[PDB]
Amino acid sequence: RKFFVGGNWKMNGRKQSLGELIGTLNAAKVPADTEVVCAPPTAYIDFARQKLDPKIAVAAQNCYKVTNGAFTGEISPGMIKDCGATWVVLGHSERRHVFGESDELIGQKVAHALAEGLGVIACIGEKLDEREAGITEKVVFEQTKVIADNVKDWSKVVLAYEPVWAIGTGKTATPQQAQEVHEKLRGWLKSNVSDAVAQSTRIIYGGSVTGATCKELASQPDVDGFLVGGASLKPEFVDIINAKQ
């Protein structure tokens, strides 16, 4: 599986500073068999795609589930493609848990974005109370099932595990804890989709990762890369791109 490093800029950046960040990223030497994707704020998708070299792909941070309509504040896959982006992040923990997006809606978005030709970074993960109740597997398997039920072509999908229980809670996820969930997710794909899909699908880690911790995380056998948050805004992101080196 090709190592996959996504940089989610979240709601950060202006043209001057994003241009600067893009210069640093363009200058990186992307190692062999490594796929890099950046997700700018929605107001800057087109801007970022124009400035980033095509060796780096661009993702929207979210989209809606139909191609046009009466949805003030939304964007559609068709608009993402028209701006030159080729991916979308769906189901991010902030959309689910700050903005209330349901599994049903996420599945509908996945189906539409994939049908329209985008790749999807599909995010899953259990919250604090779910972790404490012992239902990690039940939660992430149900989230992954909703995604899988809306996928026709698994070559267009990357799964991102976010340990929401260890983000803003006082809990720390260890590399062994991350690996344990990634292994369970891969086993779900084996039993519910196929062994081939399990073996080829990238499952990237969306918890805390820094230049100092990325090599150990990347060495976990079922961790196939990262969906990076805050470090994606800094030159340290290049070190994370090089986590397997």
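We number the residues from 1 along the sequence you see.
With 145-153 and 112-120 compared on mean CA B-factor from the PDB entry, the stretch scoring higher is 145-153.
The stretch with the higher mean CA B factor, choosing between 122-130 and 87-95, is 122-130. Based on the entry's C-alpha B-factors, the most elevated value among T42, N68, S194, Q50 belongs to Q50. Among all modelled residues in this chain, the alpha-carbon of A59 has a temperature factor (C-alpha) in the lowest third. Among the modelled residues of its chain, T24 has a C-alpha B-factor that falls in the highest third, as given in the PDB entry. Per the PDB record, residue ranking by Cα B-factor puts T174 in the highest third of the chain. In this PDB entry, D103 carries a Cα temperature factor that places it within the highest third of its chain's modelled residues. When all modelled residues of the chain are sorted by CA temperature factor, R202 is found within the lowest third.
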